[PDB]
Each structure stands twice: as C-alpha cells, then as structure tokens.
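# Observations on chain architecture
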Amino acid sequence: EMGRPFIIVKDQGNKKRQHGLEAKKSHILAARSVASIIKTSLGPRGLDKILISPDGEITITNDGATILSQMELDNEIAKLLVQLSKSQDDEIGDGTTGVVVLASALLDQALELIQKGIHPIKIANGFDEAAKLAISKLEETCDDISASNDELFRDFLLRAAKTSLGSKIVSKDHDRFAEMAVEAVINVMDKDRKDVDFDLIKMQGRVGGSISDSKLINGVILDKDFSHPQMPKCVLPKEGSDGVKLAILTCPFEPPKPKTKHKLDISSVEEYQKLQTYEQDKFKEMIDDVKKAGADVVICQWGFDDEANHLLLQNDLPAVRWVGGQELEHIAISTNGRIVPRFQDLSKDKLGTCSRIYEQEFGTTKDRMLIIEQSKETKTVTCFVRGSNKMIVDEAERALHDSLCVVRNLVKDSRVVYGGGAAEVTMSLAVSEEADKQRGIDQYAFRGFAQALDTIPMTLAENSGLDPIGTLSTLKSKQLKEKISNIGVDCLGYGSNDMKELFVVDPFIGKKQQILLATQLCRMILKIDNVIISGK
Amino acid sequence: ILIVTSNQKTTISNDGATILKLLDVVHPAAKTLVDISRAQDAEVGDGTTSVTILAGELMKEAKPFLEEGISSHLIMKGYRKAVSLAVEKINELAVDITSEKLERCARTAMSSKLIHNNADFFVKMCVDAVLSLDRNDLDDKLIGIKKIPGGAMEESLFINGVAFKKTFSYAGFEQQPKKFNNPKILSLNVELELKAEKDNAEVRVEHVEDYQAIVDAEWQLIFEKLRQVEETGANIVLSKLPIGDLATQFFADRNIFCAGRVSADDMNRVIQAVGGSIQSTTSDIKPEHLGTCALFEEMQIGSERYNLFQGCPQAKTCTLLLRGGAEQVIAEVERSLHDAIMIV
Amino acid sequence: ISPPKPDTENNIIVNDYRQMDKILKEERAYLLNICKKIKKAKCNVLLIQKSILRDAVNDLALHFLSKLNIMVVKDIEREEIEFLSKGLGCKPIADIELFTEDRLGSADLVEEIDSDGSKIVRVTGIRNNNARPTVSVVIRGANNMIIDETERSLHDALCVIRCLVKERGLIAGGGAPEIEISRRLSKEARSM
Amino acid sequence: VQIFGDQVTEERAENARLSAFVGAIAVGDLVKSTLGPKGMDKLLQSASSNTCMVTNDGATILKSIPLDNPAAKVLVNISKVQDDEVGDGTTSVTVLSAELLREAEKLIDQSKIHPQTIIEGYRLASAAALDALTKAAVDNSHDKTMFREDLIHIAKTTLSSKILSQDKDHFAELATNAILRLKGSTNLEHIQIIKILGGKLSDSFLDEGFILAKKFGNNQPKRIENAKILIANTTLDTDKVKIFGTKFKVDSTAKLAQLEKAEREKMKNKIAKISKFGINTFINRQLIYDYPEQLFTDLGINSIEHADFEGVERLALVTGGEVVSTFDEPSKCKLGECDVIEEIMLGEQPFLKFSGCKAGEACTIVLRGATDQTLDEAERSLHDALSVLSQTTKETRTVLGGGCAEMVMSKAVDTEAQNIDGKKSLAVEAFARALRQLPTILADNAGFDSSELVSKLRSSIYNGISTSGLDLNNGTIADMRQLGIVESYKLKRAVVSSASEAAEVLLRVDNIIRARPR
Amino acid sequence: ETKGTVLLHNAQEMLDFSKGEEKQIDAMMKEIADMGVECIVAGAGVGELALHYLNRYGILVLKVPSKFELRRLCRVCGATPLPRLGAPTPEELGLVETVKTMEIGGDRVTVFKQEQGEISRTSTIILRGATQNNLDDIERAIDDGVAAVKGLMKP
Amino acid sequence: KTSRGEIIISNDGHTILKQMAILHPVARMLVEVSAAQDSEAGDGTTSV
Amino acid sequence: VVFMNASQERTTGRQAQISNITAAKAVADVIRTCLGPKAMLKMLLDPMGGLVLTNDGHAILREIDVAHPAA
Ligand SMILES: Nc1ncnc2c1ncn2[C@@H]1O[C@H](COP(=O)(O)OP(=O)(O)O)[C@@H](O)[C@H]1O
Ligand SMILES: Nc1ncnc2c1ncn2[C@@H]1O[C@H](COP(=O)(O)OP(=O)(O)O)[C@@H](O)[C@H]1O
Ligand SMILES: Nc1ncnc2c1ncn2[C@@H]1O[C@H](COP(=O)(O)OP(=O)(O)O)[C@@H](O)[C@H]1O
Ligand SMILES: [Mg+2]
Ligand SMILES: [Mg+2]
Ligand SMILES: [Mg+2]
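Residues numbered from 1 in each chain as written, not as in the entry; some residues may be left out. Chains lettered and ligands numbered in written order. Part of a larger assembly, values for the part shown. Heavy atoms only, no water. Residues with missing side-chain atoms left out of burial classes, pairs and counts.

The record lists cryo-EM as the method behind this PDB entry and 2.99 Å as its resolution.

Identification of chain D as T-complex protein 1 subunit beta from Saccharomyces cerevisiae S288C is taken from the PDB entry. For this entry, the PDB record gives the title as "TRiC at 0.2 mM ADP-AlFx, Conformation 1, 0.2-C1". The Subcellular location field of the UniProt record for chain D holds the comment "Cytoplasm". (UniProt positions renumbered as here; feature names shortened; annotations may be inferred.)

Looking at the PDB entry, one finds chain A named T-complex protein 1 subunit epsilon, with Saccharomyces cerevisiae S288C as its source organism. The record held by UniProt for chain A lists under Function the comment "Molecular chaperone; assists the folding of proteins upon ATP hydrolysis. Known to play a role, in vitro, in the folding of actin and tubulin. In yeast may play a role in mitotic spindle formation."

So, in structure tokens, the structure goes:
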C-alpha cells in the first residue's frame, strides 16, 4: 500500500469481487435455491405459492413466470432465472416452470464437471451440440396431424387444452374450460388455419358468483351502464330489422366550439337572444341525425351533458358515458361497425350490428356492467370468468390465458408432441448414445446434458409420491426395447403409460424453446468469472 | 465479468471498453486505459481488451527500469522507436488479397463473446449487412439493431429494411389492414389532429352566426390535409409529431395505415430503405416522392408488434430482431453484431 | 345592490375618452333607479342577506338610501330568511321588477337599542295576515359560559311544553314514578 | 447463498403449513360465536377518531380488523364476495371454509394424506352436496299466496341472528312488503333507509310513498293536496349556457345593465314554460337560488332544492313520473301524480312525507333506535334480509334451515364415500364431518350439548324423515315446516360453493413468501 | 417581438392561414435558390417549415451556435452576413468547392476544406490521439507554435 | 375545558357527555343514550 | 492489514533533507540575539511555573520542547 490510499474505482469498499471456485459455487447454489422452489410446483400434483406484494396485495400461483416476477431478489444469478421464465411466458406462454428446472439441472451437472478440471467453455460447447441432437431426434419422431379434417382437428385442440389447464387452482372445471378455450379459436381464426390473431380475444374477469357460471359471450363487456337509467335495461331490435344499428361516437354532445381558445363577445341583447335559440337548435339537430340513421344505442367517449338525458329518452335511444378509448376499438370489431367522427359523416353503413344489448344484475350492489351478444360467428370473443374469491378470479385469467397460448401455438403447422415426461426421456437416450461414439474430452458433456433431461420426469415422480429411480428405469428400458416414444410418467395414475390413450398433448414449439432457453442461458452463466456487486 | 453499478443495473461484458465504462475510475493514471479502450472501440471496434493488456504490460516491464538509474525519457525512446518499426512490420504481414473477392473476418470478431459458437448463422447476416451500404457512405445508423426481450436467439432473421416499435395503440388501428400487397410509404412531418395550428391560439368572433363557421373551418382544414394524402394513394403514413384518433379513424375507412411517435433515428432509415423522401407539408406531395416495397406484413415478436419493411430492390437499411432469455442476452448479441460489422 | 356584474366574465372596452364620462354617470344611475323604486313603495327598512362574490351594497349606493332616510342592514344569514319571512310577514324581493308594496311587511316602531356598548335591533309590533307567528327572546349574562348555559336551560324548558302538547297528560315527579312502579312490579314478580 | 433481499420472511417447510391452518383457526374462532340467533355481537376498536362499531355480520368484522396473514386474507375476500353477491351468509362461509381446513389438517398430519387428495376428495363430495339440495328444493312460485308467505319465513331466519330477533315478527312484514313493492326488482338502491335516534325499537314503520329529508325552500306551504310532481336534473340556476368562451363586450355600463337583465329574462322565460304543465310542485336536484324560487310564488308551484341524484331515481319510481328537461315540448314529457304532500317532523329534523302515490316501485324505511350503534345494526340487519328476498323473486327455490340443510347434504356425502375407496374416503368423510360443525355451533352458542343433541338430528334423517331440524328454543328436535325456518336456495349453494373453493386455495400453498413491507 | 398572436376574425381568414405561411417561405427561399446558393449557414434554430423548401432545391443546412463559431466561417469563404432573409448580394456570396461528410472519430463531421485556388483563411488542424489528455496539451503545444508566428510580425 | 380555547360550564348531562371524550366503547354509548332522550323528548336526559 | 503500524506513509528524498535543514536553522535563529556583549535576554515558561531568564545557550535549549525530531 506504501502508506497512501489506493482507490481505482469510486465506492471501493462498497463493491465486492468474487472469483475462482467460490464464484462458481455461489452461482450454482443460487440456481438450486430457485429450482427447489419451482420443482415443487412442477406437474399436475404441484402446489401453488403465496406472493406477498409490498403494497399488501397477495398472489397465489404456481406459474414460474408470475412467481419470479413479483419476487424480490438480491443475487443477480437468481434474477437471470426470472427473465428466463419471462422469456417463456411472453413468446410461447407454456412451460415456464420447466425452463427453470431444466436450466438448473444443466448447472448442477456442470458444477461436477468444473470440479474435475474441465474448462467452462468446453462445457458450454458440449451443451450447444447436444441441444441440436435432441431437437433433431424428437422432430423425426413426431407426426403431422394437418392431414385430418376440421372435425378431428378440434379434437387435438381439446387434447392439449386439458393438459395446460392442470397443475393450477380450480382444475376441476378443466373439462368445460377446455371446451370454451377451443371454441374461441374456432370463431376467431383465418380460413387457411394459419396466423390467428390473438389480440382479438380479450380477457375480462369478474368477481362473484361461482366458477360454474363461466360461459362464452361473443361481444363487448363494458363497465359503464346506460346514462339516465329511465330506459329499459335490455334493448331489443325492431320486429323486422337488419340489426340493432349500434352507433359509436368519439365526440361528446356539445354545441360546436373551436379547439383553440376562443372569445365570443356579445355587444347587445339581440346578439344574446340569438345564442339562446342557437343553443337549443344544436341539441335538437344532434338527436335527429341519429333517428334518421336508424341507430338505437349511442356510445360516447367523453359522455354528454344532462340536457340530452331526456332528449335521448324521448326517442328511446340508449346512451353510455365516459367510455375509454381502448374500449371503443373493442366495440367496432365485434359489431363490424365504423367509428363516426361527427354527425355530418354519420351514415347507416357505419353502424354496427349485434344480436342483443343487455345488462346483468350480478350480485347485490357491486356495479352495473353492459353485455353485448352476437347472432353469428364474429371476430370478437370475450372470456367471462366468475369466482367466489378475488384470488380465484385473478389466477383463472392467466390460467385460461396460458391455455389460449397453447391453442394458438397449435395453429402453427406440423408441430405436435406428447407430454407427460415422454419427450425428455426420448431426447435423453439419443444424447447418451452419441457420447460413446464421440468420446474425447466432450464425452462427459453429453452425459451432463442427458442426466439433466431426466430430472423433469424424476421431478414428476416426486410430487406424485413415486420412486424416481424405478420410474426412470422403466422409461429408459421401454425406449430401448421398442421404438415407441409415447411412454411417459403418469401423475394422475390412471394407468396406461402410453400417452396416446391418455390424450395428453403438448406443443413442440413449447418444448423446443425449453431446451434453447435453458442451454443458451447456462452458456452465459458459466462464462461469469469476476462478480462486482455494488452496495444498495 | 459481472458488474453491478450503484443503480443495480446488471451488465455482463468481456469488452475492455464496456467494462471501463461501467466502473467509475477516480484514479488519474488509470483513466488512460479508459481513453484507449474507447478510442479503439470508436474506429475499429475490436481489440479494446488487447490494447489495455498491452499498454499495462509496457508499464510493468518499465517498472524494474524506473527502480534503476534509467531516466524517464530514456525509456520512452525505446517505445517510440520500436513502434515505428512495428507499424512498418505490419504492412509486411498484410497481403493485398485483391484475389478471392467478409466471411472469414466476421467469424473471428465474434470470438471471446456470446453466439461465437453460432457463427454458422449470425455471420451470414453480417455479410449482407454492410454490403447494402454503398462506398463512401457506410452509415452507422442503417445497420441499427432492435432488442426484443424474450425468446431464443436462434429464431432471429434478416430483414431488408427498418423495423420500429409502435409504442402507442390507436383506436382505429385494427380497422387498418396489416397485410399490403403493394404498399406506398409516405414520410410526413405534418401533425394530423385537432389542435391549435402555429404557435398561438386565439379567436375573436362577434356574431353567433360567424361562430359556427369557425368550428367548421377547423374541421375542413384538418380534413384537407387528410384528403391530399388519399388522392396520392399512400398506404403507409409515418410522422414524428403525434397523430390523434381523428386522423387515424379517417385512414381506417380508406384502408390506409397510420403511425406516429416514431423516433427521428428510425425514420431516417425509412428514407434509405424505400428510397422515398421527407415531406413536411401535405400540399407538396407528389407521386414520384413515395417509396414502396414488395410486401408489408405486421408480425408480433415477444408481445410486441413491429412494421416489417422488406423486398425493396435497392435498400441501404439493415435491421435485425434479436431474442434472448435474459435482458443482457439480447444486449450481448447486438454488442457482438455491432463489433462484427465494423470489422467487415 | 351594486354595479352590474354578471356571473359570466365581462369585458368593458372604452373606445373613446368621452365614453368614460357616460360610464360613471350610468353606474350611479343604475344604483339610483333601484333606490327610486324603493321610495315609491315607502319602504324605510331594507334587509340584505350575506353576499357572495361581489359585495351586497356598494358604498356609492349608501348615499342614495341615507339622504332618503332609509335604514339598511346587511350580512344576514341565509338560514334566517325563513324566520324573517314568516315573522314579519314580508315576502322577500329577489328582483327590482318584482318589488311592490304588497310584498312589504309592516312594523309600528323600528329602533336600534344601544346600551352598555352593545347595539341590538328590535321590532315593536307585527301587523299582517299570519297563521304561524314567531317569538324572540334576548339572553344576557356575565360571560359566554353563563349565557350559553342560560340558553341550554331554556331548551329543557321548551321541551317540557312540547311533550305536553304532543302527548296530552302528565304525571307527578320528584320520585313518584320510580317508587310506584317498583312496588307494583314487586307484587307481580312473585306471581311469575 | 441467500437469493432474497434483507427483511424477507419465507417458510418453505412445516412452519408454513402450520401457519396457514392455524391462521384460519383464529379467523374461524372469531366468527364462531356470531353464528346463530343466540350469538353475541362483536366490538370493533378503531385506530383513529375512536369510532366504535358493533356488528354481528362477519363481513365487516373481517374487513375492519387488520390481518397480515395471507391465510386470513383468503377468508376475508370470500366474505366480501358473499356480501356483494347474495348479501347474506358471510359468517357461514367463513366458518364452513375454516372447518374444511380443520378436517384437512388431521389428514395430512395424522392420516398422512396427500394435499391434492384432500382437494380431489372435496370435488366428488361437493357434487353430492349440491345435488342433495336440488331434490330438497320446493318451488312455491306457482301460487302468489304461498310465495308471499315464504318471504315472511325467510325474513324471520335472517333477522334472528341480529339484534332484531325479538321484534323480527313485526319487521318480517315490513321487509316482505318492501320487496313486493319492487315487483321483482333486485336493486336495493331504490329503497331509502332513514335512521332516527330515540324511541322504541318496535316503532319502525314503512310508509307508502317517498319520505324526503329535504324541505321546501322558503314560502312553500307544508301540506298541499292534489300536487303534480315534476323532476328536472339540469341547470336552471344562473345559466352559464354551455361553452366557456363567451364574454360580454360592453362599451358603456348602460348596455351592461341590459345584458344582465337579459339573463333574468332567460330565467323568467324558462319558469313560464314550467307553468304550462299545470303542476303544483317542482323539484330540482340542483340547488335553486333566490331569484328563480320567487317566480314559483305567483304560480303556486312548490320548489325543492339540493336533491341527491341517487334519490332522484328513488323519487321518480315513487311518483311514477318521468325526468323532464328541455321543457319546450310538453307532449313527450310525463309528470308524476301524488294525492297529498305534507311536511312532518321526526325528531329534531323535519321531513317531507308523501302519501297516495300512484307507483309503488320504491319506498322509504324509517328506523328507531336507542343508540346509533343499534341504528347502524338495524340498517345492516335489514340490508341482509332485503338482499335475500330480492334474489328470491328471481330464483324462487327455497331450502329449510335450522341445521336441516347442512345434515341433508352430509347424507349424500357418506354414500359416495363407499364407491370411491382409495385414500379419498378419509377426505370425503372429512367433508361430511365438516358439515356437522354448522348445526353443532348453533347448539354451542345456546349452551346445549354438542354430541347427543347432534346425534338425535343425525339419526332422525336416516330413518326416512327429511323434515327434521334443530330447535334452539326448546333444545330438542322439531319440525322445520311448522316452525317456519327456511332460507333461499341461492344462499345454500353460495355457502357450499364459496367454502369449497376457498378450501382448495390454502391447501395448495406449500410455500409462503413475504416481501419487505413498503 | 411583442405579443405575437394569430388573429382570425372569420372562417374566411382561417382557411387561407395555413396556406399563407407556406407561400411566405416559398417566396423568400425562391430568391436564394435562383442565385445558385447550394448551402446556407444558420446561426440559430430553424423551423421545420423553412427546412422543407430547402430540401426541395437541394440546399444544405448548417447550424452555427453562439457567435465565434459563425464568425470564422465567413473568413474562410469571404462572405458578409446580413440579417434579412431576402436574396443575398452576389458580391457577398462565398466560394467553397466541396462539402463532404465522412466518419473520422465515429461521428459525422462536415468538411469545409478549400483547394489550391480561391485560398481561404483560418485553417484547422485535425488532431488524432488515443487519449484525450494528450489531445489537450498538444492543442496548447500547437498554440505555442501559432504564437511564435505572431513574433514575426510586430518586430 | 375543551381541547380548544373554549370552556363550557353545563349541568345538562348530554352536554357533559358530549364534550367529555371517553376511551371505553360501551361507555361511549352513554353519550348516544342522552342524545336519544334529548332529540325525542328533551327533558330528563340525565336520569336515563 | 495496514502492514507497518508506524508511519506506513513515508517522506523521503529532498523533502526529508529540507525538513532537517529548516528545523536546524530555526534552532540557531532564536539565539542569534543571544550572542555578543549587547545580547538580549530570553524568558522561558515551564509547565511547573518557574521562570528562567538568561542569555545562556544551553539553558534556553534544554527548557524548550521541540516536536521536530531532528531539531
Ligand atoms: N394430466 C397430465 N398428465 C400427464 N402429464 C402432465 C399432465 N399435466 C401436466 N403434465 C406434464 O407436466 C409438465 C408441466 O405442466 P404444467 O406444470 O401444467 O405447465 P407448464 O408446462 O407451464 O409447467 C408438462 O410438460 C406436462 O407434460
Ligand atoms: N329459531 C331457530 N331455531 C333453530 N335454528 C335457527 C333459528 N333461527 C335461526 N336459526 C339458524 O341459525 C343460523 C343463523 O346463521 P347466521 O348467523 O345468519 O349466519 P350468517 O351470519 O353467515 O348469515 C341460520 O342458518 C338458521 O338455520
Ligand atoms: N322542586 C323539586 N323538589 C324535589 N325534586 C325535584 C324538584 N324538581 C325536580 N325534581 C326532581 O329532580 C330531577 C331533576 O332532573 P333534571 O336534572 O331536570 O333532568 P334533566 O336536566 O335531564 O332534564 C327530576 O327527575 C325531578 O323528579
Ligand atoms: Mg402449462
Ligand atoms: Mg474482439
Ligand atoms: Mg344471516
């Protein structure tokens, strides 16, 4: 030191440095703490977890993306696993709990190789080559279901729906949830069975009632009620009609005023009396343009003054006030209407058409909500969920949201696999077979990747109270005797380890990302040597 | 090296320039290694780690010389004379290589950094990236790359033009078609919405009869700029200034795409991609100033929808869409791609 | 009573220097014509409720009603208008056009008594057609603690008559109902 | 290696499963003594302003008392949903959902049962419990006489658990007639509740009309006969027109006096159009100034100011009229009719009483109490009774109460437990023993036996008599059809469904993570 | 300079207000383009409406903040600044053969370099270095050589 | 003596209980009992 | 660690030579007026309170506490 303070970087004593074997041991144990948390919630026998927010709100979910999102951490290695499950939920939306277990399994097998003197890059080079050998092997085993007609294509959507609905709370209703999740895509989809638009399906939760009241409603569900509720709640169309002629207006009902700040100077009583007549002439003109167009229900973004409450009541025109701008886009899609900027552009061709407009009483008081139904197949499907608890209404949203993420992935052509641990076992023996042919220094790299794939089937046996040794040995001996890859772990214990008889189906695009996200993330973690963490 | 600053911002970098930017060096002599790391990264972009290692070794070998009776200037005479013969030696190492006509040099630049093992893929995009830039220009913005959190880095693909984020949701957006067979892109600096026009707003109206004409005049002036765009057949309209829902809904019935909020750096790539021009007024719009491409399709990437410009016969814009699990993964790939393009 | 001040913001623009002379003449003329119609009905006492925004009575209008010998009282609580309407039988006048003699009350003597450094306005006599007469009592005392308790002692006294008029009949106090009910109950409690 | 930050509490082990079950025990034991007509009220000590609140309802008790345990917040949320949906049974849901965790705690500890197995056991057990109530439901809506009588027996059961159990016989007709006035309307915001302090508790009455706390402004008479009531929502005081960019450009104050006078002419012309209707009474929800009020004196029209918008809808349904603005057209506008309008006084504050109104779709309830705590309790006691009777007009199915409905469901649960076999038989039978706690606590609050008395009710149903029930007055088994103890079928399904779903929540939590408070 | 405000009495003046400002810059910038001026040096912020017509005739735009930076620009080309936006005097126009934009230190720099004929004054020296600390003293080292040239004049 | 600068001397039991704050909830109800007697009747509110 | 607990920082080179020469000159500068038959006198204050007034060289030096080690 020579007697003078030696400071290279500001906040010297605040920041710490980790290097050597101690830096690698801290990174592996950081993933083991996250893995053992996620391994308990993996599989249909898993368990949820309570998430306490700093504001007092609680969240109960088993989803690895939601648990880690609200989780407050310290070590940066555990924070990298947070965005790992976030990467899985944002794109594919399925298998968020599997990418955390598989990534930590790669790190657990890598720690044993580091202690043997293997360079970390040589470990990462072996996982990259072994990842492409597992994907290419499973790609040859799967078959294309696109040859079936639309009648059988709906069955495959019901198969993968019931699988994603498991492992989560309120899993007893999955039979009806699987039916409602597929019908949303049947109504909203392209004629070529490709590139379906997910944004056309909205998730609207409601707190009350019971879960058995959840049903599909095609239309718009708004939180605003009819203005001046002297009008009937349920609106009915005319005897003969083309429709209800729903009107959408982004302009409030007011006398015309300049957008710029203006000054209207009245220099005489005669000029003031003309403003009185000019005032009432506009409210009479605005209500006549709607009646001449045949419209019935008028939707306003900014609302309107109390003057038009009785005016629209005389003509029997329902009206709503203070509708959000985002909801106006949702309204024009369901009724296939066009937003009318002003009364001068109002025409009968821009009016929307829906089957019925009505409101429900829901509970005792609560609030008044408007419901729109469609008379035929449309481009708008709104999910309606009820529950006796605020936590049930919340989790059921993302429970069906992840279920819709599985169905939209099946819209992509010629990608299907069977779940239940049958995919990881098939890809595990293919990597271990190449290790004997290659040998060399990378022979131990394929072994670590093969032992990591078997952790997912062994984790399924832990939550089901089984023997991971006896279950894994049966799956490996079955793939060697016969080429059928459909044998997997059964956590429901209905027998018939064949996945074909149990109908369990998973998207291949979801399972392919699990290997890519786990292998490519461990490649960056193993390269970390000096760890500089500043004090908070 | 994993470095966390006082703001708890995680960054993983092996680059000699990026590591020294994260840490704040208060030592006067230690800041000289930061200048040579940023100077090496600015021009060539590669070797910033080797320069700091080499510069520090020259001081380490001069350490036992300072303890002796060797003067300070006598040591600098050795380094200044040896570097003169070292530069001339590099010219002997190099070869004219006018024969053989990017592929090899781009693979070695990715070394020591992520995706280096993926060089069988990302290098193919690095070759065609700079080739779209003509000689004597070689714009650093047109090679710009956008980062999308989430996904796998192997799912990236090459695009002939710029792709930008919407950043705003329009009420009339879905009513606009997302698939164009022959789109015409029109760059405009005009601001389309109902607002005060230029820098001041005041209105003086004595009579109520003339008060109605003032409102109708404001609607006609805003619609006049909207009609001139439709008469030219522009399918896509881009603007820096905000665009209200009034102009967006008008373009919905005409099947015309509308966009706004786009940054100034992104629209500079649009002019080079489609070969168009910037029009700051709607009265000067002419048919020959509108660009086009082969097709226009809006694809959603990681819960984010982007506008895809591709298929133009001549385009100088290169924009890549990167994916990765960690927020640093998408940063490290572009950090490797940005350094690999400067080599070629 | 004040120069015209509509609730809507107004702007008085003076184009010619000769217009400033007509403005000062019309401002006092607007307040004069209001006071001229009051003298026609022979109304010597004016009561004004508390004012919001602009003041109740302008200082320029004070000279008009003072030379005509008219007493002016302002800053009257709005909740006290109902008591003054039925008490004096005077229909309130909210407009100078609706001001007439039939809407004005009547009083024999109106005098402001000033004693012990305290001023109070009292009205002697009431002549009108009224089916609901009023009453007022002035309370004095050493301090506010005694005066407030003197009023609270009157509330308990006014409630005694209210209970007798509402419910006809009364019993004897001083401990009579407490002992009598206790004895009548003790005889019936043994039989239960 | 600790991945979590500082001051982060987490239990990954037995301490978590213990804290989750015990956390619901303190919540269940708090509302346990409030179940039944013999239950006792609870006292709430406010942390600010020192405002005491005494309520028998479990929804207010759980929401007012701060609870940091997530296992407790689950039972608080299901009570708020039960109050907002059906309007009654918030305590029964909390108690029943807590007893499901009591029977599930011994299966994991003693019987070593898998948590999901207990959850899957309640799935098949709740299916038989809901099907048992369907066959026991009777629809009396075919007769208006039998349906109106059932509305009285339902009100006697709800009002029994509150402080009104003594006078509930007099208040059963008041709550029954109030629902008949709604004519099937489930909205409770149309009925006004005016709480008056003092007098006997049995003096609460229900008038036919609309009782308004507001009074006439100045000179309007108190009592008037044959008055047409009109309602106007908007403006009519110092009208600002509409746009805010209007101003008066005045050259000389001589012209300024004519501009302000024109504003009074606009007020006079608008009131003159009101007199064309021939109404004796006018009502504005916006407050009326002194100038427009004096115009009604020469016209003989009443004036009312400062009416709340939620009272306007209540007032419009009593008079059967129509809210009228834009008075230019008299034809399309409708007015209300009232036989007599008199201003009365209840206590220190005078009130406006209506009588002989044409429409009965809304009414006003007046309550009397010794203390404000009894007034706040009397309003909440009727709010729970009027909510069940409002939902009864929609769904007319009814199920007998008094411990009968809970024991009938347990009869079908024990039958399905034999065919399941496995280890779920302990979980299915645990759901039946959890249904025993609801009639058992009824006897505990009355000082009865929790074993022999429950066994008499259980053995009577298995002999072929489904009408047997528990009588807390005599402490024996009595018939529920004769005593008139019955509740709505929607209330029976809501308690079973909410408790079964809430029990599946905490049983799925192995780990509890607590972030640092903010 | 005082209370700039748009005054519109009737809708007739409002319709021609948008097209009126477009004809003002068009009429002013047309006289500059007719004189053969391919580059314009500005001393403050230029509005977007003015930059539109400059791109129509292919006229470059330069921003010269503060003062001393703009003062030495006219000594290179031999030009005389004038405040008005009208057509400049042909005798006050400068001469620059080429204007180039290339990458030197990673950013776009504009090249005012002159050639053999039509010589210019106040030349600049591009100084390249690895460290910024060396760039500071060499700048003062060059100024020491420039100050030595001043010693060749007065004596 | 009120918390503010006002002081009240009153023999009325309702005024005494109103200006005297009580920390016991059941004893707070005695203040409302005197209010029920004063509002309906107004006499004998200290006896109840 | 701190290594040496005694003056881990060091003053060496010409800085140590100047401090030794300057302090040594200050010792002789105070007694310059103490030389010669016209020499003045110097008074010294000890912590005990005894006053010593003399022109002697040794009596002045030994009663003054010098913090400079080389002086
Ligand atoms: N009913 C089931 N039968 C067999 N396997 C299942 C079943 N449900 C889930 N799995 C398996 O458990 C794994 C995890 O599924 P789950 O936890 O429900 O959602 P995620 O895949 O998002 O973690 C899947 O890979 C799937 O193969
Ligand atoms: N006279 C009675 N005899 C027997 N049981 C009664 C009698 N009155 C009420 N009960 C029972 O007491 C219970 C009271 O429950 P309650 O406290 O209202 O629950 P919650 O507060 O959840 O609504 C009812 O379920 C009813 O069956
Ligand atoms: N002159 C009297 N002699 C004896 N007892 C009296 C006399 N006057 C009143 N009392 C008794 O004293 C009590 C006084 O009660 P009071 O203080 O007036 O109650 P409050 O102040 O609440 O009205 C009464 O109940 C009455 O029976
Ligand atoms: Mg899943
Ligand atoms: Mg490099
Ligand atoms: Mg109840």
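It is worth spelling out unusual backbone geometry at this point. Backbone geometry places C:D75, a non-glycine residue, at a positive phi of 60 degrees. Within the element layout of this structure, C:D75 appears in strand β3 (residues 71–76). Classification of C:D75 by relative accessible area gives partly exposed; the value is 44%. You will see that D:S49, though not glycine, has its phi angle at about 65 degrees, which is positive. Topologically, D:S49 is positioned in the loop between β2 (42–44) and β3 (53–55). (Helix = DSSP H or I, 4+ residues; strand = E, 2+ residues; numbered from the N terminus. Buried < 20%, exposed > 50% of the residue type's maximum accessible area, 1.4 Å probe, protein only.)

Residues and elements named next belong to chain D. The environment of ligand 2 is formed by 19 residues, the closest being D88, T91, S92, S161 and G402. Here an oxygen atom of ligand 2 and a backbone polar atom of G36 are 3.2 Å apart. Here an oxygen atom of ligand 2 sits 3.3 Å away from a polar atom, N or O, in the side chain of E487. The element contributing the most residues to the shell around ligand 2 is helix α4 (residues 90–109), with three residues. Of the residues contributing to the shell around ligand 2, the split by class is six nonpolar, eleven polar and two charged. Here the shell around ligand 2 spans two domains, since at least three of its residues come from each of domain 1 (1–139 + 396–518) and domain 2 (140–216 + 351–395). (Near = heavy atom within 4 Å. Polar contact = N/O pair within 3.5 Å; in protein donor to acceptor, adjacent residues only side chain to side chain. Nonpolar A, V, L, I, M, F, W, Y, C, P; charged D, E, K, R; others polar. Domains from an automatic or database assignment.)

Bringing the sheet that holds strand β1 (residues 2–4) of chain B into the picture now. The four strands lie next to each other as β1(A)-β13(A)-β1(B)-β2(B), forming an open sheet whose pairing is mixed. Each edge of the sheet is formed by a strand with only one pairing partner; in this case those strands are β1 (16–18) of chain A together with β2 (10–12) of chain B. Here the strands of the sheet are splayed against their neighbours by 20 degrees on average, with no regard to which way each runs. For strand β13 (residues 531–533) of chain A and β1(B), the ladder comprises three bridges, and the chain directions are parallel. Each residue of the ladder has a partner; that of A:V531, found in β1(B), is B:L2. (Pairing = 2+ DSSP bridges. Axes fitted to C-alpha atoms, helices over the stretch in contact; angles between N-to-C directions.)

A few words on the site of ligand 3. Near ligand 3, the surroundings consist of C:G174, F:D43, F:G44, F:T45 and F:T46. Bordering ligand 3 are residues originating from chains C and F. In the model, an oxygen atom of ligand 3 is placed 2.9 Å from a nitrogen or oxygen of the C:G174 main chain. Look at ligand 3: alone it shows 570 Å² of surface, and the protein chains cover 39% of it. A breakdown of the residues in the shell around ligand 3 according to their chemical character gives no nonpolar, four polar and one charged. (Areas by Shrake-Rupley, 256 points an atom, 1.4 Å probe, with all protein chains shown as cover.)

Taken together, the 75 residues of chain D in the interface contact 81 residues of chain A. Where chain D abuts chain A, roughly 7,000 Å² becomes buried across the two surfaces, and 54% of that area is made up of carbon and sulfur atoms. Here chain D is connected to chain A by seven salt bridges. Note that D:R508 and A:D48 form a salt bridge whose closest N and O atoms lie 3.0 Å from each other. Our enumeration of links across chain D and chain A arrives at 33 residue pairs in polar contact. Where the side of chain D that touches chain A is concerned, the elements lending two or more residues are α3 (70–85), α5 (115–135), β8 (246–250), α8 (253–274), α10 (309–319), α11 (372–394), α16 (489–506) and β18 (509–514) of chain D. Among the elements that take part in the side of chain D that touches chain A, α3(D) stands out by supplying nine residues, more than any other. (Contact = heavy atoms within 4.5 Å. Buried area = accessible area lost by both parts, 1.4 Å probe. Salt bridge = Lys/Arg side-chain N within 4 Å of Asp/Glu carboxyl O.)

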